[PDB]
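Everything on this sheet refers to the single structure shown next.
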Amino acid sequence: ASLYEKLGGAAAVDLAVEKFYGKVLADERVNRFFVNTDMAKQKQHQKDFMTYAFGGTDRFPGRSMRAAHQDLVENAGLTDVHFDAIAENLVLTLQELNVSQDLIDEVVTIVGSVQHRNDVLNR
Ligand code: HEB
């Protein structure tokens, strides 16, 4: 049930991620947050993020997730419209790989979790 088991190829991950990353770069809006973090650790984010999309609940007992994201709401004025932004980009990513909509619809559900979202706003 590992990521590799889903794609069945390592490189597939390099490109899959590279595609998203390249897109996240164009959006200088969300980049405002990646100002403190370096470009090195940044990529790692798009990796663990693009993973949780496929329901990679391997290990995510929150707790730290909140605090980690909390440091943001402290300095950066994070909001909801922000989550919908990065979330959309992902949708356009799967559209480039020529993937049916029905399949892309389920993906939205996974990330459409109310909890994960509530964690961002920290409440
Ligand atoms: C929603 C799918 C989502 C998840 C699951 C997620 C997960 C992480 C994890 C595991 C880290 C690493 C924490 C650590 O290693 O200590 C992480 C770091 C950061 N994240 Fe996110 N994140 C999710 C969603 C978002 C959204 C939306 C963000 C805002 C654009 C966002 C930001 C960040 C940032 C800035 C970091 C780096 C924190 C740091 O330690 O420097 N994440 N995220």
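Identifiers in this document derive from the order of the structure tokens: chains are assigned A, B, ..., residues are numbered from 1 separately in each chain, and ligands are numbered from 1 in order of occurrence.
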Next item on the list: Just the residues within 12 Å of residue 115 (chain A), please, counting only C-alpha atoms, with nothing from its chain fewer than 3 positions along; format it as a PyMOL selection string.
Entry: chain A and resi 60-62+65-66+110-112+118-123
Counting only C-alpha atoms and all ligand atoms, which protein, DNA or RNA residues come within 7 Å of ligand 1, given as an mmCIF file with C-alpha atoms, in the first residue's frame?
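Listed below is the output, part.cif:
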data_model
loop_
_atom_site.group_PDB
_atom_site.id
_atom_site.type_symbol
_atom_site.label_atom_id
_atom_site.label_comp_id
_atom_site.auth_asym_id
_atom_site.auth_seq_id
_atom_site.Cartn_x
_atom_site.Cartn_y
_atom_site.Cartn_z
ATOM 1 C CA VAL A 30 1.597 30.853 -1.235
ATOM 2 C CA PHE A 33 4.761 31.591 3.511
ATOM 3 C CA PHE A 34 7.721 29.607 2.179
ATOM 4 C CA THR A 37 11.690 27.880 4.910
ATOM 5 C CA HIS A 45 6.531 19.665 1.820
ATOM 6 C CA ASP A 48 4.527 14.710 2.090
ATOM 7 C CA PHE A 49 1.577 16.786 0.893
ATOM 8 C CA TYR A 52 -1.409 12.489 2.026
ATOM 9 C CA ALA A 53 -3.569 13.141 -1.033
ATOM 10 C CA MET A 65 0.820 19.008 12.610
ATOM 11 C CA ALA A 68 3.953 23.025 13.127
ATOM 12 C CA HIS A 69 1.315 24.948 11.179
ATOM 13 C CA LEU A 72 2.482 30.175 10.651
ATOM 14 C CA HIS A 82 -5.234 29.972 1.060
ATOM 15 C CA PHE A 83 -5.966 26.265 1.476
ATOM 16 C CA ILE A 86 -2.986 25.250 -3.200
ATOM 17 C CA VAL A 111 -8.115 16.303 1.142
ATOM 18 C CA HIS A 116 -7.223 18.383 8.299
ATOM 19 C CA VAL A 120 -4.737 24.502 9.651
#
Notebook entry, point to check: Please, what distance in Å, to one decimal, runs between CA of residue 12 (chain A) and CA of residue 29 (chain A)?
Noted result: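 Computed distance, CA of residue 12 (chain A) to CA of residue 29 (chain A), equals 27.5 Å.
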Item checked: Those of chain A in DSSP helix (DSSP H, G or I), formatted as a PyMOL selection string -> chain A and resi 3-7+11-26+28-31+33-35+39-53+64-75+80-96+101-111+114-121
Notebook entry, point to check: What is the distance between CA of residue 40 (chain A) and CA of residue 9 (chain A), in Å to one decimal?
Noted result: 22.9 Å
Check: Rounded to one decimal in Å, what is the spacing between CA of residue 20 (chain A) and CA of residue 67 (chain A)?
Finding: 25.4 Å
All residues 10 Å or closer to residue 19 (chain A), only C-alpha atoms, same chain fewer than 2 positions away omitted, as an mmCIF file with N, CA, C and O atoms, in the first residue's frame:
data_model
loop_
_atom_site.group_PDB
_atom_site.id
_atom_site.type_symbol
_atom_site.label_atom_id
_atom_site.label_comp_id
_atom_site.auth_asym_id
_atom_site.auth_seq_id
_atom_site.Cartn_x
_atom_site.Cartn_y
_atom_site.Cartn_z
ATOM 1 N N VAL A 13 7.670 9.459 -9.469
ATOM 2 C CA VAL A 13 7.505 10.382 -8.352
ATOM 3 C C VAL A 13 8.274 11.675 -8.605
ATOM 4 O O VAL A 13 7.796 12.764 -8.288
ATOM 5 N N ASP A 14 9.467 11.546 -9.178
ATOM 6 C CA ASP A 14 10.293 12.711 -9.468
ATOM 7 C C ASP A 14 9.546 13.687 -10.372
ATOM 8 O O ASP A 14 9.504 14.888 -10.104
ATOM 9 N N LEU A 15 8.959 13.164 -11.443
ATOM 10 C CA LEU A 15 8.216 13.999 -12.379
ATOM 11 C C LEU A 15 6.910 14.472 -11.745
ATOM 12 O O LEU A 15 6.600 15.663 -11.755
ATOM 13 N N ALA A 16 6.150 13.530 -11.196
ATOM 14 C CA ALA A 16 4.880 13.862 -10.560
ATOM 15 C C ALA A 16 5.048 15.045 -9.612
ATOM 16 O O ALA A 16 4.243 15.977 -9.617
ATOM 17 N N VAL A 17 6.098 15.001 -8.799
ATOM 18 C CA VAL A 17 6.362 16.075 -7.848
ATOM 19 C C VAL A 17 6.882 17.314 -8.570
ATOM 20 O O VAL A 17 6.406 18.426 -8.338
ATOM 21 N N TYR A 21 5.570 21.045 -8.007
ATOM 22 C CA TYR A 21 6.513 22.043 -7.520
ATOM 23 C C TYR A 21 6.599 23.218 -8.489
ATOM 24 O O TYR A 21 6.440 24.373 -8.095
ATOM 25 N N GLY A 22 6.853 22.913 -9.757
ATOM 26 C CA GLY A 22 6.959 23.953 -10.775
ATOM 27 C C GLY A 22 5.723 24.848 -10.772
ATOM 28 O O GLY A 22 5.817 26.051 -11.012
ATOM 29 N N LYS A 23 4.568 24.252 -10.497
ATOM 30 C CA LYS A 23 3.320 25.007 -10.465
ATOM 31 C C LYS A 23 3.243 25.860 -9.203
ATOM 32 O O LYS A 23 2.851 27.026 -9.254
ATOM 33 N N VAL A 24 3.618 25.271 -8.072
ATOM 34 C CA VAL A 24 3.588 25.988 -6.803
ATOM 35 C C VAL A 24 4.502 27.209 -6.854
ATOM 36 O O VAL A 24 4.291 28.184 -6.134
ATOM 37 N N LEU A 90 -3.459 21.466 -7.284
ATOM 38 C CA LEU A 90 -3.341 20.014 -7.337
ATOM 39 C C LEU A 90 -4.296 19.442 -8.381
ATOM 40 O O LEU A 90 -3.915 18.597 -9.190
ATOM 41 N N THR A 93 -3.131 19.671 -11.660
ATOM 42 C CA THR A 93 -1.969 18.813 -11.860
ATOM 43 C C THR A 93 -2.392 17.458 -12.420
ATOM 44 O O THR A 93 -1.791 16.953 -13.367
ATOM 45 N N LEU A 94 -3.429 16.875 -11.826
ATOM 46 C CA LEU A 94 -3.921 15.577 -12.273
ATOM 47 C C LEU A 94 -4.562 15.694 -13.653
ATOM 48 O O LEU A 94 -4.660 14.710 -14.388
ATOM 49 N N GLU A 96 -3.339 17.406 -16.055
ATOM 50 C CA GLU A 96 -2.257 17.411 -17.032
ATOM 51 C C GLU A 96 -1.829 15.986 -17.365
ATOM 52 O O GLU A 96 -1.402 15.701 -18.484
ATOM 53 N N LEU A 97 -1.945 15.095 -16.385
ATOM 54 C CA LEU A 97 -1.567 13.700 -16.586
ATOM 55 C C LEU A 97 -2.652 12.957 -17.362
ATOM 56 O O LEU A 97 -2.554 11.750 -17.584
#
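Of the residues under consideration (A:18, A:64, A:107, A:91), A:18 shows the shortest atom-to-atom contact distance to residue 47 (chain A) when counting only C-alpha atoms.
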Checklist line | Which residue of A:59, A:84, A:54, A:38 approaches residue 106 (chain A) most closely, using only C-alpha atoms | finding: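 Among the listed residues, the smallest separation from residue 106 (chain A) belongs to A:54.
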